[PDB]
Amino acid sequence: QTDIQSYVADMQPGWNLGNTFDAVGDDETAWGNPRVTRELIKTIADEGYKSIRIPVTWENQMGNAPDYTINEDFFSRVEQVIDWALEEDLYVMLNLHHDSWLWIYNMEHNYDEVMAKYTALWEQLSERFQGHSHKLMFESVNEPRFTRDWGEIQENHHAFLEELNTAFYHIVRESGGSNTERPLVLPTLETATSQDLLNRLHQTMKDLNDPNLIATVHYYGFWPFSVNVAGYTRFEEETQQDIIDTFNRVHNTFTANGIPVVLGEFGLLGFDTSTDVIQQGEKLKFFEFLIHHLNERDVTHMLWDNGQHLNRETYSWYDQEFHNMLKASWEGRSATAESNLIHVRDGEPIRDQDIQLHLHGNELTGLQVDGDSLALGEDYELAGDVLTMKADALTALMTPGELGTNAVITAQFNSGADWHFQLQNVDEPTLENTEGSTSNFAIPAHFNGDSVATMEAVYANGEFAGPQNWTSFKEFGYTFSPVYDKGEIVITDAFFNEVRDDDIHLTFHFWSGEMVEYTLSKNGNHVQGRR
């Protein structure tokens, strides 16, 4: 294995300081994240992360032509954070971030100025960090995209990206000092993974003829699952296959040859709305699968964290189960199951319940509730990979009439993370009649311990209603939103802005398997809801 491949392998795993400096505004706090603390960096190191990506948007911190000098306060803060991270023995990746769509995007019709600013930027950055450790690396530009004429991708685009990458390369390499063999990180167009984009990055790299170069791509999951639309509520075969194909060609093009790959950002697209957009068990299964295949293909990966994963005020994870799954996946595969939920109908004779495990080469070693092991043969059984909860255990763990999660059954395995079943006491969910305006519409809801997976919308004639007309299944959180703490389901202005005046049949799909029908009558800005 070469030096640069070992360099990149040594970065596994990595973390993005998202919506930090990259925020588009007066400074790094403009998007709601606090200023960076020493304890933030130290926490990221303590949690086992061995590298950090620091996205920076520069445009609003630049002086005028021709120097375009970077504001010294801002720049000193960025450098300080980088120093802190180097002190924690982290690898650091530094870039140009939103500048890509802010002012880089316009190269076809503004070439000379864009090249000028880009050059001034990477000159100042090259000079500032000339003496810094090789553990600090530069990436040319985040997610390069250019002005569209004949579609989102065209030939002059490829030329533009190659010119940016080449100019960047020569600025840094001519800077001298530690910049002479500083590892450089180059993106595919839009940091996407199409074979043609991969090939063109490959060609650029062969052109540069440099041993210290790293390819980078981004990945946010098979689109319909990642934003929960078109009925892709579960982590199923198409999502998996998209992962396999994607990183197969990434591996063949770069890793198979001498070029190491950094997955500079990953996550699920829907997280931009909310973490609650992807059902918990399905989310966990997605990340477990993904990181397994990245590991099998030696892809160093870096989690996108805009503030929603690590609580930066308390320096602990919002979702500990989630991070435990990531942490476990760094070392090897975890067993999962078909669901992280166990539903029991309240006021229905409690019976034995089967549960399909996905052992992934692991072995079940026990079950626990509240840290106490359950009884073999009195509380549960295991046939092959099929787990049975015995009726008496379920009875003991539950409370008649109390809907919701009554207990958490923890499955333990010889290797990997523990899997947590939520024992849900449910009743059939119920909706109520309502009246409202399109901008303030919410259906009163009796969730009864159940949770909304998705929602169909069709007109009375059977035609698909609302946004993304090509499917009946509407996008979670964009078109509708379960608000459990307020006992309601919101129907958004965005949904109503794209429906005719008509009867609209809504079908809510719940994770219990229940489906509830509901009817809207929309006229102008007013809507009537009928149970």
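A residue's number is simply how far along the shown sequence it sits, counting from 1.
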* **Higher-scoring stretch by recorded Cα B factor average, 210-218 or 251-259** => 251-259
* To do: Read off the CA B-factors in the entry, average them over 145-153 and over 74-82, and name the higher stretch.
  => 145-153
* **Peak C-alpha temperature factor (PDB record), options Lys283, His309, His446, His132** => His132
* Asked: Can you tell me which of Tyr111, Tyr232, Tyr459, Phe421 has the highest Cα temperature factor in the record?
  -> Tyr459
* Asked: Hey, what third does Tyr68 fall into on Cα B-factor, ranked over its chain?
  -> highest
* Give the position of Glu514 by CA B-factor within its chain, expressed as the lowest, middle or highest third. => highest
* Asked: For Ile244, does the deposited CA B-factor place it in the lowest, middle or highest third of the chain?
  -> middle
* Structure fact -> In terms of its chain's C-alpha B-factors, the third that includes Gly25 is the highest
* Asked: So where's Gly177 on the chain's Cα temperature factor ranking, which third?
  -> highest
